[PDB]
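This report concerns only the one structure given below.
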Amino acid sequence: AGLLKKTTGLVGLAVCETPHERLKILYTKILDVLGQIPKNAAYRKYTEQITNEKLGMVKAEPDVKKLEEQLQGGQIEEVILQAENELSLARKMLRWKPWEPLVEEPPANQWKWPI
Amino acid sequence: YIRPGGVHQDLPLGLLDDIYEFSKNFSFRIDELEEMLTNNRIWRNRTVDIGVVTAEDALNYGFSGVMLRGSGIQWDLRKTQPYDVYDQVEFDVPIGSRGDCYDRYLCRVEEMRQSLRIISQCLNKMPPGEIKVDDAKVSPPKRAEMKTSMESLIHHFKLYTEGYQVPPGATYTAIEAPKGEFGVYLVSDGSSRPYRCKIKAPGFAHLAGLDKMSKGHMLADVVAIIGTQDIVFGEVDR
Amino acid sequence: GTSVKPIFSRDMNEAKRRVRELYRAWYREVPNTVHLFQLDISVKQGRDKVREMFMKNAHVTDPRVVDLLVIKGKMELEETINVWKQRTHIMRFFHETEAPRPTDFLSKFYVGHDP
Amino acid sequence: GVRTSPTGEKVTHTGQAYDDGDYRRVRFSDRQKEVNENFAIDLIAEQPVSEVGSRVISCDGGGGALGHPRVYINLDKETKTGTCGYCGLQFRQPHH
Amino acid sequence: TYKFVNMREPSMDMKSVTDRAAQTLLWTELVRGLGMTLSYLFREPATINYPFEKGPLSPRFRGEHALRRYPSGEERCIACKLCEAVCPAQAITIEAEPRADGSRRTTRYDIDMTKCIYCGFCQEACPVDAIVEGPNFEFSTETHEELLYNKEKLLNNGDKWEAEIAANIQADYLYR
Amino acid sequence: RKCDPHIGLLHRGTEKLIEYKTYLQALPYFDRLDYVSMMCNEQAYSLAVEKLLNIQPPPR
Amino acid sequence: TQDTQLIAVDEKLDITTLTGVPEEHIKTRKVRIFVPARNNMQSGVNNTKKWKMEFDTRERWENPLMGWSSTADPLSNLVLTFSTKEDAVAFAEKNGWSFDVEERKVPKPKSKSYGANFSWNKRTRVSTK
Amino acid sequence: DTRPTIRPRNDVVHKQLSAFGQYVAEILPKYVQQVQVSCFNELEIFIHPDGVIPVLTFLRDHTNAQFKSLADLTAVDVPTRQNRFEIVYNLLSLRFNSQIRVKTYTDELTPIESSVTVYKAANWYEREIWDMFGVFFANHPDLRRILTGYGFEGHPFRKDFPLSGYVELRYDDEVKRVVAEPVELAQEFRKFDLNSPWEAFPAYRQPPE
Amino acid sequence: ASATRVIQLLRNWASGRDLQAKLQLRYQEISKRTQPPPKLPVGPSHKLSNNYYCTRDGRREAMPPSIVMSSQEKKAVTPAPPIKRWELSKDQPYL
Amino acid sequence: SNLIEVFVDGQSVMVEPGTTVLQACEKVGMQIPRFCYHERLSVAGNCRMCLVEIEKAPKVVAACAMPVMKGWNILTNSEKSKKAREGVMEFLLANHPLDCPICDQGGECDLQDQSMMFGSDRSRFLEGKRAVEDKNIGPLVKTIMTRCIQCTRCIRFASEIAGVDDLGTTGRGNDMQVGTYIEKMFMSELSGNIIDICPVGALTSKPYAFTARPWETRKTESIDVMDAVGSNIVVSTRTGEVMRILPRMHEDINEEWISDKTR
Ligand code: SF4
Ligand code: SF4
Ligand code: SF4
Ligand code: SF4
Ligand code: FES
Ligand SMILES: [K+]
Ligand SMILES: [Zn+2]
């Protein structure tokens with residue numbers, strides 16, 4: 001499945017010796033939080049599409065290096081790092097919740113910048 | 001010298017020879033600099049493991065240029081977003097490993113050496129032709145034509161009095177400056193003068209992070225962690 | 001149109017409240033500031049100059065505006081407390097070097113075309 | 001040349017010279033009032049009037065690119081001469 | 001294409017550790033630093049004996065300004081105000097008036113040499129090569145007012161550095 | 001403990017002064033922002049102005 | 001349509017106390033709102049489409065030195081552009097400036113016919129072409 | 001090539017940017033008012049001021065955006081609008097090699113949620129915006145003047161602030177201290193009205209009102 | 001003011017490299033400061049025919065920024081395809 | 001009911017019948033470049049720059065004189081029109097003298113500005129330019145007749161708004177010169193207005209001649225007091241001095257002219 005890399009190169013990004021399960025558990029938590037999102041939101045369908053590809057993607061390939069190459073996300077440690085961000089984004093997305101229509105149409109000439 | 005639409009005037013005859021002569025011995029002079037410090041026990045102890053920043057910390061703090069390169073982040077506008085003819089020259093970006101002062105100083109020295117190869121390629125591949133865009137409405141016409149033809153005189157007159165009106169729009173270009181990601185948010189309005197020229201300062205976000213990098217280090221290391229900062233104080237203050 | 005979200009204060013009452021302790025925070029340290037900066041001027045003319053600056057900003061009748069001067073005065077207090085302003089910056093409030101500009105119409109007519 | 005003023009001060013080619021009662025003169029005391037001597041108004045007069053057998057001429061001030069932009073003067077009025085605006089050199093048709 | 005600048009792991013064999021220990025106790029990289037300072041001591045200093053040996057310049061050098069005149073003698077400036085219009089720092093002030101003889105020149109042409117940025121934009125804008133930046137760069141003065149040149153001082157410069165400015169533009173006009 | 005870098009000791013009004021000048025007139029300002037990166041500064045401004053103008057410089 | 005602790009702020013915007021302008025330059029200055037007329041030397045109209053804001057001129061003496069046009073009024077070169085009179089007239093008292101407004105002068109449409117140049121009866125027949 | 005002077009234009013980048021512009025527009029219709037791709041392949045997103053934090057957070061954290069570097073934060077002062085200030089965000093995505101522009105609007109008296117939480121780089125950029133223009137930001141840690149001198153009055157970059165300023169400085173010997181005086185320029189700034197009265201670009205001909 | 005060989009051996013040994021080959025001072029290899037006059041070329045548009053400005057106006061072909069969505073299944077789309085990972089240098093991988 | 005409909009650049013425009021193409025283009029906002037066509041004076045056609053392409057029409061029409069009719073799409077920015085404008089200006093700048101640094105019209109010259117917008121960026125005229133002897137028409141009007149483009153604006157103004165017939169065109173071909181033949185001062189209370197209508201520096205003002213530049217003067221609107229008409233004028237001031245009093249436009253009081261005593 002690939003030898004344990006001595007370092008990730010990036011400072012602070014510690015090497016994850018067990019990255020496969022970490023990706024699987026976080027991705028399941030992604031679809032978990034997306035459950036609290038009603039269907040109508042474009043955020044739900046898009047994020048589910050991204051994660052569902054990724055979830056069936058991490059489980060298929062057992063090797064780390066083929067996973068990193070095919071994921072197109074750099075080192076594996078970045079993938080858990082970004083998947084964590086997607087988790088926090090979806091959680092705080094639930095608060096603001098931008099499915100609602102535009103809060104206020106701007107003034108007539110706020111945009112349109114020839115002076 | 002560098003002006004919109006090219007350069008002011010062509011190189012004086014015989015300049016490329018002097019550039020080649022100077023670049024020939026500059027490799028030795030670089031070795032002169034780095035030999036007395038790179039392995040010097042006093043130097044490393046004064047910079048190693050000092051001003052260490054993480055990867056995500058540097059990205060969030062707006063750090064750019066060497067500071068991303070010096071701490072593992074493989075980013076360089078000369079390769080990712082090539083401007084001018086930077087897509088034709090070959091060079092190596094010196095990614096750092098530890099991220100402290102010593103790694104970035106090494107990245108600076110290596111970036112010094114790598115520029116020599118880019119200098120070598122530019123000297124050996126300099127093409128013939130003009131030095132300004134062949135369009136009088138943007139670049140001024142040649143002095144020989146300005147004293148000879150009607151259109152050149154009028155364009156020279158209007159270009160040096162009013163200037164070239166630019167289309168109304170806003171842009172943000174950036175280049176791999178020798179310190180960071182120097183850029184300008186230029187906003188026009190269709191007139192001959194800019195409406196707003198915001199100047200991206202590579203040192204601004206750099207100096208904003210000085211408190212983060214100085215956390216815990218002794219005061220005598222504050223000079224080391226601003227030395228690797230490379231804050232020229234005409235850019236931060238603008 | 002007639003309604004816009006506020007800064008800190010919801011009406012004039014709490015806006016006036018934030019002025020009072022700002023004046024309190026400005027009264028107390030004036031002798032301390034005079035001692036700190038080796039002010040030539042005594043304490044007494046320091047206190048009313050704070051009073052006069054607070055007095056000239058009296059016609060304001062907008063909660064959003066009063067918040068802006070309140071926070072701006074706070075920075076001015078902050079700049080003075082942690083020796084960010086020197087003697088020259090403090091003496092700037094006392095307009096000393098410039099001659100008094102007369103207010104009668106006759107004097108203005110004598111000196112220039114100033115309306 | 002240079003004409004001295006009645007107060008005893010050199011007059012510039014522009015005609016500038018401080019009045020006797022002008023206070024803005026103490027600057028010149030213990031110093032010297034910078035004035036050029038080669039009055040271009042005079043020196044251009046000494047240039048001979050060139051005579052060419054053509055209705056129009058082209059003057060560039062000599063030196064090609066080193067001179068003024070090329071202009072064409074219409075030497076048709078036999079009453080007077082045609083002078084280039086940039087440099088001031090005169091031209092005249094010899095009895096047409 | 002990236003290269004790892006600092007990813008060298010020292011060897012742990014008995015030879016390498018002793019060399020590092022020998023380097024530590026018997027200061028070697030410090031001696032190498034010392035040994036090279038001695039090398040520069042015996043070298044050739046690059047100092048130029050100012051003011052007996054002035055530095056090397058180029059014909060394009062921008063220094064003290066001067067108004068030149070035609071070979072006839074009449075000034076080149078015809079007061080088109082291009083130099084004043086393009087001056088980035090607005091250091092140029094020009095006032096023109098019909099001359100007595102006809103063809104008219106400036107009555108006031110003042111350059112504020114403490115406001116000038118020496119960008120050279122004036123000499124490019126000039127369509128008659130009237131205002132130029134001469135080769136002189138040693139016009140430092142004791143008083144601020146002496147810097148504020150007017151037409152007379154500039155015309156004097158044109159009649160002083162003409163023997164040098166003429167040659168410079170003679171060598172550089174083809175490039176422009 | 002904290003490092004508060006008070007800046008503004010050389011806050012020349014470059015961004016406001018640029019507005020009042022033309023695009024060619026504003027060129028020398030960028031040489032005077034970073035005292036050491038001269039052509040690099042002008043290169044950024046030149047690229048910005050060329051991008052708005054939809055005009056490219058010659059290969060030389 | 002925005003519940004952000006909305007309160008009634010009916011009173012007119014009075015940001016003057018925040019712009020830092022000294023007391024003198026805030027009352028005794030009379031700004032003018034006008035559409036600039038075309039430069040009569042030229043014939044183009046692309047400079048008469050935006051409302052301009054300008055401050056009344058003040059003293060302009062001559063230096064004891066070479067004699068530039070000195071001044072002591074900072075609000076001398078300040079010219080602002082507005083796309084509509086209402087926006088322009090609103091920016092004045094919001095900043096607290098006494099103003100006078102001159103309505104835009106629209107060149108009235110004039111009927112022009114080439115055939116009139118050669119008229120059988122009317123005195124509009126030209127004598128040269 | 002038939003266009004040796006005209007800058008070449010990329011359509012593939014235009015399509016990719018346009019597709020992403022629609023992507024962000026559908027994701028957060030609560031704030032995204034309008035979106036446009038400029039001719040030189042640059043994307044601008046026009047959000048409502050309340051969406052300053054949510055929109056930036058999405059661009060910073062979404063797996064398909066990953067814009068993780070605030071290049072700069074500036075505003076353009078346009079007095080002719082009701083909300084004269086126009087705050088502009090510039091973000092760069094290292095993973096996807098692209099840049100985005102997020103712009104809001106704000107009048108004189110309105111606080112904007114400081115983006116220090118999302119981008120810690122904004123912290124110092126926020127102070128410049130307040131100092132130069134006067135836009136106050138709520139929840140900012142240490143909002144104070146950054147560039148202007150201590151006890152400075154007004155906001156310089158505002159279009160209604162004179163270029164020369166209101167006050168100059170001088171060492172007064174009577175008080176033996178540097179003092180401030182009303183400005184008195186030796187030579188007034190000669191303003192140059194150099195706008196040609198002939199239309200420049202018919203493409204941006206604003207339709208008549 | 002090229003020094004004695006005794007110094008050259010000492011100077012070279014003290015630095016550890018041949019310094020006489022590449023020196024910090026320019027003796028004669030510089031280009032002469034009096035160069036022959038140049039003949040600058042012309043731009044591509046320096047033509048007497050078929051060179052109308054309407055076909056080469058860079059400024060007049062800048063359209064206004066096209067809007068894609070305005071307030072007044074579809075695959076998720078990234079702003080641009082993710083960058084390829086940089087490969088190690090070949091001239092000198094590890095410094 | 002009479003309003004016929006036209007398509008200025010495709011956009012529908014309601015125009016009074018008998019309206020010229022140029023005014024129809026102005027209705028949308030596009031200003032057709034012009035030299036001879038002055039709104040107050042008659043329409044001549046010597047300019048040839050008002051040329052524009054009418055859709056599905058092979059011949060470029062002169063917008064200064066052509067009356068529109070039903071369903072016309074005035075393609076202002078069509079390629080054929082742009083080639084026409086470049087060609088016409090090339091002829092204008094063929095014999096124009098290189099006087100821009102010494103011409104008072106510099107900075108406010110219609111020929112200069114229209115060259116920047118609708119015109120080429122060089123010249124292919126490797127010939128010898130023409131030169132015309134100057135004429136004297138009084139101590140008020142600078143006459144450098146070599147710069148004239150024979151737009152006949154001065155001729156039209158003299159015979160229409162002034163009433164005196166002394167300005168005309170003598171000779172044919174390229175040698176045609178506009179002037180007064182026999183030497184005679186063009187004197188009238190509206191004589192100075194020929195300075196304004198002239199699009200080039202051929203006719204300029206002697207009293208102000210080469211004392212300032214248009215880009216450096218500050219224009220201040222005011223009202224003339226010399227006469228009782230109260231003509232609106234634009235007083236141009238630079239460095240606290242008065243150089244020019246230019247007329248303003250009011251369309252009721254002074255139209256676009258001022259008296260010589262006013263100027
Ligand atoms: S070199 Fe000096 S005088 Fe000439 S344009 Fe530049 S700033 Fe003005
Ligand atoms: S650019 Fe030359 S000719 Fe024109 S005003 Fe300046 S000095 Fe005189
Ligand atoms: S009339 Fe116009 S084109 Fe002719 S010289 Fe004067 S400014 Fe130049
Ligand atoms: S003198 Fe002027 S107005 Fe008269 S025809 Fe010539 S250009 Fe036209
Ligand atoms: S405008 Fe119709 S021909 Fe001159
Ligand atoms: K005219
Ligand atoms: Zn001549």
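Residues in the structure tokens are numbered from 1 in each chain, the chains being A, B, ... in the order shown, and ligands are numbered from 1 in the order shown.
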Can you build me a table of chain I residues sitting at most 9 Å from chain F, with the closest atom pair per residue and its distance in Å to one decimal, using only C-alpha atoms, sorted by chain and residue number, as JSON lines?
{"residue": "I:43", "atom": "CA", "partner": "F:58", "partner_atom": "CA", "distance": 8.4}
{"residue": "I:57", "atom": "CA", "partner": "F:55", "partner_atom": "CA", "distance": 8.7}
{"residue": "I:58", "atom": "CA", "partner": "F:55", "partner_atom": "CA", "distance": 5.3}
{"residue": "I:59", "atom": "CA", "partner": "F:53", "partner_atom": "CA", "distance": 5.1}
{"residue": "I:60", "atom": "CA", "partner": "F:53", "partner_atom": "CA", "distance": 8.7}
{"residue": "I:61", "atom": "CA", "partner": "F:54", "partner_atom": "CA", "distance": 7.6}
{"residue": "I:62", "atom": "CA", "partner": "F:54", "partner_atom": "CA", "distance": 6.6}
All residues 9 Å or closer to residue 9 in chain D, only C-alpha atoms, same chain fewer than 6 positions away omitted, as a PDB file with N, CA and C atoms, in the first residue's frame:
ATOM      1  N   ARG D   3      21.834  94.967 -21.905  1.00  0.00           N
ATOM      2  CA  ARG D   3      21.655  96.361 -21.525  1.00  0.00           C
ATOM      3  C   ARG D   3      21.529  96.447 -20.012  1.00  0.00           C
ATOM      4  N   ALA D  17      13.896  93.065 -15.291  1.00  0.00           N
ATOM      5  CA  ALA D  17      14.839  93.886 -14.543  1.00  0.00           C
ATOM      6  C   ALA D  17      14.096  94.482 -13.361  1.00  0.00           C
ATOM      7  N   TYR D  18      14.667  94.354 -12.170  1.00  0.00           N
ATOM      8  CA  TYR D  18      13.970  94.802 -10.976  1.00  0.00           C
ATOM      9  C   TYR D  18      13.944  96.322 -10.903  1.00  0.00           C
ATOM     10  N   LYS D  33      23.462  88.189 -10.299  1.00  0.00           N
ATOM     11  CA  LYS D  33      22.184  87.939 -10.955  1.00  0.00           C
ATOM     12  C   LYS D  33      22.440  87.147 -12.227  1.00  0.00           C
TER      13      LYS D  33
END
**Asked** Of the candidates B:219, B:158, B:173, B:204, which one gets nearest to ligand 3 if we count only C-alpha atoms and all ligand atoms?
**Response**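 Checking each of B:219, B:158, B:173, B:204 against ligand 3, counting only C-alpha atoms and all ligand atoms, the winner is B:158.
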**Request:** Grab me every residue within 8 Å of ligand 4, counting only C-alpha atoms and all ligand atoms, and send it over as a count of residues only.
**Result:** 23
Using only C-alpha atoms and all ligand atoms, tabulate the residues of chain B lying at most 12 Å from any atom of ligand 3, each with its closest atom pair and that distance in Å to one decimal, by chain and increasing residue number, as JSON lines.
{"residue": "B:149", "atom": "CA", "partner": "ligand 3", "partner_atom_place_in_ligand_line": "3 (S)", "distance": 11.6}
{"residue": "B:150", "atom": "CA", "partner": "ligand 3", "partner_atom_place_in_ligand_line": "3 (S)", "distance": 7.9}
{"residue": "B:151", "atom": "CA", "partner": "ligand 3", "partner_atom_place_in_ligand_line": "3 (S)", "distance": 9.0}
{"residue": "B:152", "atom": "CA", "partner": "ligand 3", "partner_atom_place_in_ligand_line": "8 (Fe)", "distance": 11.0}
{"residue": "B:153", "atom": "CA", "partner": "ligand 3", "partner_atom_place_in_ligand_line": "8 (Fe)", "distance": 8.1}
{"residue": "B:154", "atom": "CA", "partner": "ligand 3", "partner_atom_place_in_ligand_line": "8 (Fe)", "distance": 6.4}
{"residue": "B:155", "atom": "CA", "partner": "ligand 3", "partner_atom_place_in_ligand_line": "8 (Fe)", "distance": 10.0}
{"residue": "B:156", "atom": "CA", "partner": "ligand 3", "partner_atom_place_in_ligand_line": "8 (Fe)", "distance": 10.9}
{"residue": "B:157", "atom": "CA", "partner": "ligand 3", "partner_atom_place_in_ligand_line": "8 (Fe)", "distance": 8.5}
{"residue": "B:158", "atom": "CA", "partner": "ligand 3", "partner_atom_place_in_ligand_line": "7 (S)", "distance": 9.6}
Using only C-alpha atoms, please write the residues we just selected to a file, as a short mmCIF file (atom, residue, chain, number, x, y, z; two decimals), in the first residue's frame.
data_model
loop_
_atom_site.label_atom_id
_atom_site.label_comp_id
_atom_site.auth_asym_id
_atom_site.auth_seq_id
_atom_site.Cartn_x
_atom_site.Cartn_y
_atom_site.Cartn_z
CA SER B 149 5.43 62.35 -40.68
CA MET B 150 2.16 63.99 -39.69
CA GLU B 151 0.59 61.04 -37.87
CA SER B 152 3.68 60.36 -35.76
CA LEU B 153 3.87 63.98 -34.61
CA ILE B 154 0.19 64.07 -33.65
CA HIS B 155 0.39 60.75 -31.82
CA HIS B 156 3.59 61.81 -30.05
CA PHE B 157 1.94 65.09 -29.07
CA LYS B 158 -1.24 63.48 -27.75
#
**Prompt:** Do you know which residues are within 7 Å of ligand 2 using only C-alpha atoms and all ligand atoms? Can you write them as a PyMOL selection string?
**Reply:** (chain E and resi 67+76-84+122+125-131) or (chain J and resi 101)
